[PDB]
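This report concerns only the one structure given below.
Every number in this text was worked out from the coordinates using simple rules, so none of it is lab data. Note: ideal-geometry Cβ built from the backbone for every residue, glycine included; neighbour counts use all protein chains shown.
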Amino acid sequence: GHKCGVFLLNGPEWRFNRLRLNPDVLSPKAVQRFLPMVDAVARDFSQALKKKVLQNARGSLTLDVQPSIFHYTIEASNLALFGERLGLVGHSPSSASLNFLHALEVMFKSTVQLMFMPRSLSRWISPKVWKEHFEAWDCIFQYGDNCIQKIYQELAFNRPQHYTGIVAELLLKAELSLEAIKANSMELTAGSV
Amino acid sequence: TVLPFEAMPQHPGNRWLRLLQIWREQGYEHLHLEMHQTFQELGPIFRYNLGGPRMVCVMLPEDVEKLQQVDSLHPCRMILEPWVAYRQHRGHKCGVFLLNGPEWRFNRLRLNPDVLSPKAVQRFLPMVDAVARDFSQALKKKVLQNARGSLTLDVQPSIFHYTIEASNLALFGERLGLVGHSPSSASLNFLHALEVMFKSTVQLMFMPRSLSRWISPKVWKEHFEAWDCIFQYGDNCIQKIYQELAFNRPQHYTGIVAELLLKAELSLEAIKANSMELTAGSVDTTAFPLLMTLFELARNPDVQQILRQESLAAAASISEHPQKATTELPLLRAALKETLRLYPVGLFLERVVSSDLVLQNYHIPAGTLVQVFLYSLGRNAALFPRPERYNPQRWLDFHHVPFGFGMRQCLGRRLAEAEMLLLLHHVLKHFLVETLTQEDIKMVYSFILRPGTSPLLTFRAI
Ligand code: HEM
Ligand SMILES: N#Cc1ccc([C@H]2CCCc3cncn32)cc1
Ligand SMILES: N#Cc1ccc([C@H]2CCCc3cncn32)cc1
């Protein structure tokens, strides 16, 4: 019963959505506000690596950086988007963050398995892939739907003067319906990783 | 004038059809509601067909007062089969919560001075205060990491870990690492086991062991396995302290249990049993009321501002002497009572009557189990005008009995109060509590009464 965000829309619904999203997501003015938040996180990343690095006699650290990079993008995104700092740079992955990387992976995998046949074949030829596909999006939606509940409640009580992320500007303007803000808020939260 | 015990209205139900309803559903989560809607329809008092055994359910302060007059020297409450059974299966002694008679009284009189005595509270408050402070400091470090300077979360986990941290410090002088860090596997196992233990208590306590023996044999296995992990959390705690105090006696204060050990007026086995009850007993019963309070404050901004104002007022004097929190925060003490009026953790008081007595003008025969139902008592519109309204001032003036009464009334009462009192104190001086969730939280019975849902709270630092 959800609405589709811009990534999934065609026609006039799309344009109506997109034009209310540019100013706060894409514009040089938008950037000017969320870039210092992004920068803080990126500073934090390097600050955390350097600490771990200087603990070694050889002043180096050799690792798979994929895990920390993925958590970097989740942090910087959640900040820019939702004004929130999750503790995912220079600290372990949380079970929520890991469950979400995993769901996105499955979602994409299982996206490939369904994309290429019409619904009426996949229906009975691969029922367990639909069941799988939907469960990933359930997990995905739960995550992003967390962020929204948090900020939605926060904003019901005090409407800040300073900049606190992209979704705030969105809610505050209320140019878009709540369902629309939700759908797009989800796409950015899934898409930004 | 006085009427025969059988003149009393009867509860409609069966001890048998409820056996099965529990058998089937693996619980009895609506008990409180069902009991409430039975008082509505039958008046302040009714008997239940236990099938020979006599039980009466009452809801009036009038009737609590009558019941205390009949507390003997050895007030009895019903033997709680599954819990006692675990003690006999493992040969451990019983604690004050499970003892009756002379053995009860011997234990109780040697536990009051260090667990409940206001002298004791004066020694352990300042420790409790430290955990309460550590809790708001932790919250405020996180809150201030967010741009809107607020955190919106489910607090239940961290509330539960507070009551473990504080209890353990009050009790053992041990500061586990549990506030402003993550739950341990020892923590989550303990909480899990406590919950399982309550759950199974319900599944077993409504039918005799002869029946449950073969009706739910693995529910018994579940209960014991739960206790096993509970008695292993507690024993670990005691073995630590017992071996410290064998090697030297401190001259300063270092806990409720230590005082007991140093005095050795009770045998090691007796101390062991009681510490167990105190360790298991000081977690869920403190944490739920505390949670419930945060929620009523969250949904009564006005009552919260009064409380904060009186906590900013008392702020400097209290940090200077934490032991003063009891006398500088009466409005907050009241809110607690108000929380418990509405959300009484222990649903019932109960007495197996030593003497004939007369309630609501019926004859009550000796050896009758009289249960008092607090959910109804405190929701009795006629005694608490606008009962559905959260109003601490109500208590500023026998209507407050959620810890019980007489010699038997909760031994952890003053510890429970201090832990809730100090946490709220520090949350209020640092944060505004907020929710959009203004609709009532459905309570639920598994041995204790507890929120079924956990509301999403926002903590905004000022
Ligand atoms: C809000 C918190 C609490 C509430 C509402 C509560 C409630 C009660 C109630 C209703 C009783 C029945 C007493 C009677 O029948 O007269 C009781 C007894 C008891 N409680 Fe609590 N309790 C709380 C917290 C605690 C804590 C924190 C501890 C441990 C430190 C504890 C340990 C005990 C013990 C050992 C008894 C048995 C006392 C006896 O039979 O003499 N309780 N409590
Ligand atoms: N919902 C959603 C959602 C999840 C991931 C994306 C990602 C992955 C697909 C290609 C792409 C372009 N821009 C972002 N994306 C886009 C949307
Ligand atoms: N052992 C034990 C034990 C565990 C939990 C409790 C709790 C739950 C039952 C009602 C109550 C009153 N005071 C504390 N409690 C009491 C004893």
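Residues checked against (1) more than 17 Å from the chain's Cα centre (by Cα); (2) of a type in the set (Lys, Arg); (3) within 16 Å of ligand 1 (Cβ to nearest atom):
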site: A:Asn10; (1), (2), (3): yes, no, no
site: A:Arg15; (1), (2), (3): yes, yes, no
site: A:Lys29; (1), (2), (3): yes, yes, no
site: A:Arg33; (1), (2), (3): yes, yes, no
site: A:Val41; (1), (2), (3): no, no, no
site: A:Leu49; (1), (2), (3): yes, no, no
site: A:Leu61; (1), (2), (3): yes, no, no
| Taking the condition within 14 Å of another protein chain (Cβ to nearest Cβ), away from ligand 3 (no atom under 15 Å from the Cβ) and not aliphatic (A, V, I, L, M), does B:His181 pass? | yes
| said: When you scan region B:291-302, do you find a residue that is away from ligand 3 (no atom under 16 Å from the Cβ), surrounded by fewer than 16 Cβ atoms within 10 Å (Cβ to Cβ), assigned to a loop (DSSP other than H, G, I, E, B) and not hydrophobic (A, V, I, L, M, F, W, C), even just one? | reply: no
| task | Kindly provide the set of residues from region B:14-58 that are more than 22 Å from B:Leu374 (Cα to Cα), out of contact with any strand residue (DSSP E or B) (no Cβ under 8 Å at 6 or more places or on another chain) and assigned to a loop (DSSP other than H, G, I, E, B), ordered by number. | result | B:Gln26, B:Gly51, B:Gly52
| task | Considering only residues that are within 16 Å of ligand 2 (Cβ to nearest atom), among the β-branched types (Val, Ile, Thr) and crowded, with 18+ Cβ neighbours inside 10 Å, look in region A:163-193 and name the one that is farthest from A:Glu75 (Cα to Cα). | result | A:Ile181
| field | Inter-residue pairs, beta-carbon under 6 Å, first away from chain A (no Cβ under 14 Å) and basic (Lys, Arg) and in region B:396-422, second in a loop (DSSP other than H, G, I, E, B) and more than 16 Å from ligand 2 (Cβ to nearest atom), 6+ apart | value | B:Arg408/B:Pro75; B:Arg413/B:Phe403; B:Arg414/B:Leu116
| task | Evaluate region A:155-162: report whether one residue or more is among the small types (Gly, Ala, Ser), within 14 Å of another protein chain (Cβ to nearest Cβ), surrounded by fewer than 20 Cβ atoms within 10 Å (Cβ to Cβ) and not in a loop (DSSP other than H, G, I, E, B). | result | yes
| task | Within region B:104-125, work out how many residues are under 24 Å from B:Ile318 (Cα atoms) and polar (S, T, N, Q). | result | 2
| request: Go through B:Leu278, B:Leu204, B:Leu262 for me and flag whichever is surrounded by fewer than 21 Cβ atoms within 10 Å (Cβ to Cβ) and assigned to a helix (DSSP H, G or I). | output: B:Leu262
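Listed here are the residues, each with its yes/no results for (1) within 16 Å of ligand 3 (Cβ to nearest atom); (2) more than 14 Å from chain A (Cβ to nearest Cβ); (3) surrounded by fewer than 16 Cβ atoms within 10 Å (Cβ to Cβ); (4) aliphatic (A, V, I, L, M).
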residue	(1), (2), (3), (4)
B:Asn49	no, yes, yes, no
B:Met55	no, yes, no, yes
B:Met59	no, yes, no, yes
B:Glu62	no, yes, yes, no
B:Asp71	no, yes, no, no
B:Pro75	yes, yes, no, no
B:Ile79	yes, yes, yes, yes
B:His89	yes, yes, yes, no
| Given (1) among the polar types (S, T, N, Q); (2) closer than 20 Å to B:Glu350 by Cβ; (3) in a helix (DSSP H, G or I), index of the condition B:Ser72 fails | (3)
| Of these, B:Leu357, B:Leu383, B:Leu369, which one is surrounded by fewer than 21 Cβ atoms within 10 Å (Cβ to Cβ) and over 26 Å from the mean Cα position of the chain (by Cα)? | B:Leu357
| Output for region B:136-146, where each listed residue is surrounded by fewer than 18 Cβ atoms within 10 Å (Cβ to Cβ), within 9 Å of another protein chain (Cβ to nearest Cβ) and not in a helix (DSSP H, G or I) | B:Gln145
| Out of (1) touching a strand residue (DSSP E or B) at 6+ places or on another chain (Cβ under 9 Å); (2) more than 14 Å from chain A (Cβ to nearest Cβ); (3) among the charged types (D, E, K, R); (4) under 24 Å from B:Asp302 (Cβ atoms), the odd one out for B:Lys442 is which? | (4)
| query | Within region B:328-352, which residues are in a strand (DSSP E or B) and within 9 Å of ligand 1 (Cβ to nearest atom)? | reply | B:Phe348, B:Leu349, B:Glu350, B:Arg351
| field | Output for region B:411-462, where each listed residue is β-branched (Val, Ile, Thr) and more than 13 Å from the chain's Cα centre (by Cα) | value | B:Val427, B:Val433, B:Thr435, B:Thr437, B:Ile441, B:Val444, B:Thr453, B:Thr458, B:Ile462
| task | Filter region A:68-109 down to residues that are within 13 Å of ligand 2 (Cβ to nearest atom) and hydroxyl-bearing (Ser, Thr, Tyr) and give me whichever is farthest from A:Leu26 (Cα to Cα). | result | A:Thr73
| query | What is the number of the single condition among (1) surrounded by 13 or more Cβ atoms within 10 Å (Cβ to Cβ); (2) assigned to a helix (DSSP H, G or I) that A:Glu105 does not meet? | reply | (1)
